[PDB]
Amino acid sequence: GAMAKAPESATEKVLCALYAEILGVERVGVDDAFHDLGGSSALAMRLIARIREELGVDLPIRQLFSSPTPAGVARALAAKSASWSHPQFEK
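Residues numbered from 1 in each chain as written, not as in the entry; some residues may be left out. Heavy atoms only, no water.

Asks: I'd love a proper account of the packing of helix α1 (residues 10-23) against helix α2 (residues 41-54), names of residues and values included.
Replies: At a minimum axis distance of 10 Å, the contact between α1 and α2 shows a crossing angle of 135°. As judged from the angle between their axes, α1 and α2 are oblique. Crossing hand, α1 versus α2: right-handed. Only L43, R46, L47, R50, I51 and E54 of α2 make contact with α1, whose side of the interface consists of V14, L15, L18, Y19, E21, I22 and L23. In terms of residue class, the contact of α1 with α2 is built from nine nonpolar, no polar and four charged. (Axes fitted to C-alpha atoms, helices over the stretch in contact; angles between N-to-C directions. Helix = DSSP H or I, 4+ residues; strand = E, 2+ residues; numbered from the N terminus. Parallel < 35°, antiparallel > 145°, perpendicular 65-115°, else oblique. Left-handed = near helix turned anticlockwise from the far one by under 90°. Contact = heavy atoms within 4.5 Å. Nonpolar A, V, L, I, M, F, W, Y, C, P; charged D, E, K, R; others polar.)

Next comes the structure, spelled out in C-alpha cells:
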C-alpha cells in the first residue's frame, strides 16, 4: 500500500480566486505560477492584503516567493508551522 496525497483544501481555492482578482486572468490552476500570469512584487503585496480580508491572516511573503503558486504557498506556510521540518536553503 501507499499513503494518499494531501488533499486540495478550501484555502487553495480562495487563493486561486484571489490570484485572479489581482492578475486579471480568466482562470487560475492550483499550481499556476503568479509570475507567469504577469504577477510582480507590486501585485504580490496587494494579494497579501486581500488574503488578510479573506483568510484573516497575514500571508508570509517569504513563502510566496519560495512557492509562487496558490497551492504551493498554502502548503509551504503550513510546513513552516509544522512541529518538524527539514532544513532548506533559500536565497
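Asks: Which residues make up the pattern of salt bridges, and what values go with them?
Replies: Within this structure, the stated rule accounts for seven salt bridges. Here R75 ties to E12 by a salt bridge, and the two come within 3.2 Å at their closest N and O atoms. Here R75 is found in helix α4 (residues 70-80), whereas its partner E12 is found in helix α1, with 63 residues between them in sequence. The partner of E90 in a salt bridge is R62, and the shortest N-O contact between them spans 2.8 Å. Within this pair, whereas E90 is found in the segment after α4, its partner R62 is found in helix α3 (residues 61-66), the two being separated by 28 residues in sequence. The class for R62 is partly exposed, based on a relative accessible area of 47%. (Salt bridge = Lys/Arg side-chain N within 4 Å of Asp/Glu carboxyl O. Buried < 20%, exposed > 50% of the residue type's maximum accessible area, 1.4 Å probe, protein only.)

Asks: Kindly report on the UniProt feature "domain: Carrier" (unreviewed entry) in the protein chain, identifying the contributing residues and their values.
Replies: Within the UniProt annotation, "domain: Carrier" (unreviewed entry) is assigned to residues 6-81. Along residues 6-81 one finds 59% helix and 0% strand; the C-alpha atoms at either end are 16 Å apart. (UniProt positions renumbered as here; feature names shortened; annotations may be inferred.)

Asks: Go over the packing of aromatic side chains with me, naming the residues and quoting the values.
Replies: Scanning the model with the defined rule gives one aromatic pair in all. Ring geometry for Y19 and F34: centres 5.1 Å apart, planes at 80°, overall edge-to-face. One end of the pair, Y19, is in helix α1; the other, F34, is in the loop between α1 and α2, and 15 residues separate them in sequence. Residue classification places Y19 among the buried residues on the basis of a relative accessible area of 0%. Accessibility expressed as a relative area gives 6% for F34, which makes it buried. (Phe/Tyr/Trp six-rings, centres within 6.5 Å; stacked < 30°, edge-to-face > 60°.)

Asks: Which residues make up α1, and what values do they have?
Replies: In a regular helix each residue adds 1.5 Å, so 14 residues correspond to 20 Å; α1 covers 20 Å between its end C-alpha atoms and thus fits that length. Those residues of α1 that sit buried are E12, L15, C16, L18, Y19, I22 and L23. Taken around the axis of α1, the buried residues stretch over an arc of 165°, which confines them to a single face. Facing away from the buried side of α1, by more than 90 degrees, are the exposed residues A10 and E21. Positive backbone phi, approximately 75°, marks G24, located one or two places after α1. (Expected span 1.5 Å × (residues − 1). Arc of directions from axis to C-beta.)

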